[PDB]
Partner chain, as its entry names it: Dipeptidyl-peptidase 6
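Below you will find one chain, with nothing else, as structure tokens; this is the form solved without its partner chain, and questions on how it binds or moves follow later.
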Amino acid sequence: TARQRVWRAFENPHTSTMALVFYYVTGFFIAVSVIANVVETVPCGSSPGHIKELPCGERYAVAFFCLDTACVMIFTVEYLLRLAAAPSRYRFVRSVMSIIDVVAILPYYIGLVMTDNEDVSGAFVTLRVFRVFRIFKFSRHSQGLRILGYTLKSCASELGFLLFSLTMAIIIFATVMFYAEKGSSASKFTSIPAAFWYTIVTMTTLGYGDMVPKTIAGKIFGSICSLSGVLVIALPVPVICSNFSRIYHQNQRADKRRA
């Protein structure tokens, strides 16, 4: 039952000192990979003979490749040990966290098999952001993250209905604004999907101002949309407040009953 010991170490890093040191090393490497990508996209200066500035990941391509190789070796050995200590392979690999880890470390190997044809571009780069979600597994102890997470899980039904009604209101307001503003000169309301942008920006009280109503009817319906946006801001708060109070008191009561 030593594999069970390894899996216990993985699930609860505070059990053994080796578990804690491995968990901290893994968190450090995840943070290093996240910062490495963010910095890699940053455009550094131009070396002599270069017309345009290059990103720190295109000038220092080999250094960032070595760093990514180190991070992916750490992550791969992590996943291999986790699968080896999994009481059930199917049960483990179907969990959301295993999927996140696999899709995080997959674009590296996808690029590896595309190394011979690296001239072509791939969208797999944007999948590296999945490593950021591993940070969340590294920080599941704040005594309030559990409360807020389970509060959102309780709110799921109400917030889903709110999202559905908000989507229907977006369709309605976008239709109204498109038909009010399709006839303006150089108008940005070229269709109802084009007005989806204006409506989602207005009902959230963003107001970029790139799409604004130029007409009078457009302005009337934009005012109605603005007020509906105030209501949109104010609507989830009572639900989350009630569920959070209930869940806080429920967790406290269970704890002190156990106390």
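Positions refer to the first chain, counted from 1.
Although it is not shown, the form solved in complex with its partner chain is what the next lines describe.
Contact check for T17: a non-hydrogen atom falls within 4.5 Å of its partner chain in the deposited complex.
In the deposited complex, its partner chain sits beyond 4.5 Å of every heavy atom of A104. Taking the partner from the other structure, its partner chain in the deposited complex has no heavy atom within 4.5 Å of any heavy atom of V72. Taken together, the three residues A9, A86 and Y90 all stay farther than 4.5 Å from its partner chain in the deposited complex, as judged by their closest heavy atom. Contact residues in stretch 46-70 (any heavy atom within 4.5 Å of its partner chain, taken in the deposited complex) are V62, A63, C66, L67, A70.
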